[PDB]
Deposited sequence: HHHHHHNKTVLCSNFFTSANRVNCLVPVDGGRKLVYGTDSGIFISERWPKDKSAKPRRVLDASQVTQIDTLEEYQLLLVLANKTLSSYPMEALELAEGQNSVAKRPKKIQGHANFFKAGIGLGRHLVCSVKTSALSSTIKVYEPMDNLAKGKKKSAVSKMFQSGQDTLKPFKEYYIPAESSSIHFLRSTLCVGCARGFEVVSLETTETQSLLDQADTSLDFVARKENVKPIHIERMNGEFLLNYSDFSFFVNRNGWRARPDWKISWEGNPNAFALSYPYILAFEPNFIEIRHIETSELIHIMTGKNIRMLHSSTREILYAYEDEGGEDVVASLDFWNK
């Protein structure tokens, strides 16, 4: 099932760039080119509009550390924290809770995950050229920094290490110690299609049992750890150029700007294509996958996909 959550409020004036659920999924926080808004996921009153909570411009990425009651905001390349009370109804326009704390001045993307010891926030500067990675620990203090001689698409926490999606592939980087190694094994000949292509866009990594599902813009396949191929006869080549992925067993969903492609994880067969315009995956949780799309004219629409059997 697909359900439309909000088709009325966001428009061609000021589209939804990003979103994160808070308060156990009972509220949604939206980032746009002009501001940050909050609504109820299940409002009692259906004339309720999202409400503006922070002024901030060019908000391209947003997340939380719920344990530390921090809202994390990337706005016109500046990464900052706010306390979660910034979102309260009780707070007014000048209150000290809506004051940002600068974390890093210039950043292209970030990722907050558990990655030990403590748990963490990474900010990545990147160009065609190179990438600089900074890592932070709980009020937030710096911790470790890294350098990478390639353009980076993505970043993933893999227990004690960071796996960076960069133009040469997934490269594993050691939190304490080191230095760095590719994930895939050069001797595995069943992985030559990956090596054929240079360049690639590694986008997303997912654990299943003791295999990992690796998702790039061109293809998906499984490895074992030691990055040796698993299910060697199983391979998906995507119809489009997906920039995001989500797993909702037994389905794997690839989002590209003009369509969502849905495949069966066991058989690898095509189940459904959902066409549209300017499709952006917003957030994937055990609850649902939230995404946005343009509809005529000029509505911006927020929707939910949820699977059940």
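Absence of C-alpha coordinates is noted for several segments of the deposited sequence, namely 1 to 6, 145 to 166, 338.
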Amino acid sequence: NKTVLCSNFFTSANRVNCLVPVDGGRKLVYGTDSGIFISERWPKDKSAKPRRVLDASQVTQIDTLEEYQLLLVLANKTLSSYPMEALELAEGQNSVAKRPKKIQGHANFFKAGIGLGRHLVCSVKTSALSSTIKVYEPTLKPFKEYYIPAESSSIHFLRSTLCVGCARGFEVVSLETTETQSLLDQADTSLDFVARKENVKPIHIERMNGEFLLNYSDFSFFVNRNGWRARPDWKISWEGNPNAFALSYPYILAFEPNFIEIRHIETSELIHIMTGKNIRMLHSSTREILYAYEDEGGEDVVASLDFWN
From here on, numbers count along this sequence of modelled residues.
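Two stretches are in play, 157 to 165 and 80 to 88, and the higher mean C-alpha B-factor belongs to 157 to 165. Comparing 182 to 190 with 228 to 236, the higher mean C-alpha B-factor in the PDB entry belongs to 182 to 190. Highest C-alpha temperature factor among 71, 173, 214, 74 per the entry: 173.
The residue among 109, 147, 222, 219 whose C-alpha atom has the highest B-factor in the PDB entry is 147. Ranked by C-alpha B-factor against the other modelled residues of its chain, residue 98 falls in the middle third. When the modelled residues of the chain are ordered by C-alpha B-factor, residue 64 sits in the middle third. Remark: residue 34 belongs to the middle third of its chain, ranked by C-alpha B-factor as recorded. Sort the modelled residues of the chain by CA B factor and residue 56 lands in the middle third. Split the chain's modelled residues into thirds by C-alpha temperature factor. Residue 26 is in the middle one.
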